[PDB]
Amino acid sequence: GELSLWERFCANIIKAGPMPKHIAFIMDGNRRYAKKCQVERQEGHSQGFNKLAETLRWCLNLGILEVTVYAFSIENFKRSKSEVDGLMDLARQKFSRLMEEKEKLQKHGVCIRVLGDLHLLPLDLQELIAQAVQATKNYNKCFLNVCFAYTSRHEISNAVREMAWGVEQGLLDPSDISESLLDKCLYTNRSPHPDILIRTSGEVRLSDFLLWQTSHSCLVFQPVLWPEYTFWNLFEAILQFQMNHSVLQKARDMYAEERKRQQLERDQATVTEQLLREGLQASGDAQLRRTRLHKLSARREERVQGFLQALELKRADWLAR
């Protein structure tokens, strides 16, 4: 699926500027599309899958090698059994057709990750999912994250629960909990935060998708229904990103510099309190504030790196299987 002349030309032009490394999609509007085409709702969703495959080829042709998609919300479990089963069966088809199509997965280096509270899915679907993930690890040429039975609050709650597990197990002190640590406990911990969040149809809301990860992302709300997505919709979204990029990255960097500044102030106030209780002075040629500060940080890093190594060990315990 190569690009046409105009698509290729326009791609070359915008590639002279900053390009997103990671794009996230809320693929919304499948049912309204089915009503507009006078088709059953199941074919609205099947058309939705075909558009996902097409759009992924567009990203690849643009050098965007990591994509995250909202495929099923925990909230979507509230739909009718007829519709829920239809979606589960679609997932059963594609994840099984992802098998057989292996080696074509290895040849192109496609890593597949499926994120969410997967214990809510049918037991058989969890096995297919685990197979696809187990096979496509170690692949590193492109990355597709499928958010399946996912909400962002459920992901954030789980990250905190894992940090509380580290404390309960003794690998973590409550003082070690930080924004960065929570980042490394999310389901998305192996990918950078998305440069763009795209939601289709007319909705201007996030519907519990990547709330932590997209706090500084460029947000693009496009009226088109998802099964009607075109290359030029995608192109428009990237155009938005490029126009926002300088102010957005300065704000992203100011946020980071402000967080590190405040952390340094908090740590040095900690060193001050421990020094004040002790007869020891606030400052001195012995520079004991400076060595207490380095030990405070180093012992924190060793505890965190030990907790993360243990968290990844129990994450990679499937086996589930």
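By rigid core we mean the largest C-alpha set that fits within 1.5 Å across both forms. From 1 onward, residues are counted along the sequence shown.
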Seminar exercise, completed: The stretch that moves more in 7 other deposited structures of this protein, judged by RMS C-alpha distance from this form after core superposition, 62-70 or 269-277, is 269-277
Seminar exercise, completed: 51-59 or 279-287, the stretch lying farther from the shown form in 7 other deposited structures of this protein by root mean square CA distance over structures and residues, after core fitting, is 279-287
Problem set entry | Comparing 50-58 with 284-292, the one whose average Cα B-factor in the PDB entry is higher | 284-292
For this session: Name the higher of the two by mean Cα B-factor in the PDB entry, 149-157 versus 131-139.
Result: 131-139
Exercise. Which listed residue, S191, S215, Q169, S80, has the largest C-alpha temperature factor in the record?
Worked result: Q169
Seminar exercise, completed: Looking only at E179, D124, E236, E203, the Cα with the top B-factor belongs to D124
Seminar exercise, completed: Binned into thirds over the chain's modelled residues, the C-alpha B-factor of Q42 lands in the highest
For this session: Among all modelled residues of this chain, ranked by Cα B factor, put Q93 in the bottom, middle or top third, i.e. lowest, middle or highest.
Result: highest
For this session: Please place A269 in the lowest, middle or highest third of its chain by C-alpha B factor as given in the entry.
Result: middle
Exercise. By the record's CA B-factor, is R199 among the lowest, middle or highest third of residues in the chain?
Worked result: lowest
Exercise. Split the chain's modelled residues into thirds by Cα B-factor; is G86 in the lowest, middle or highest one?
Worked result: middle
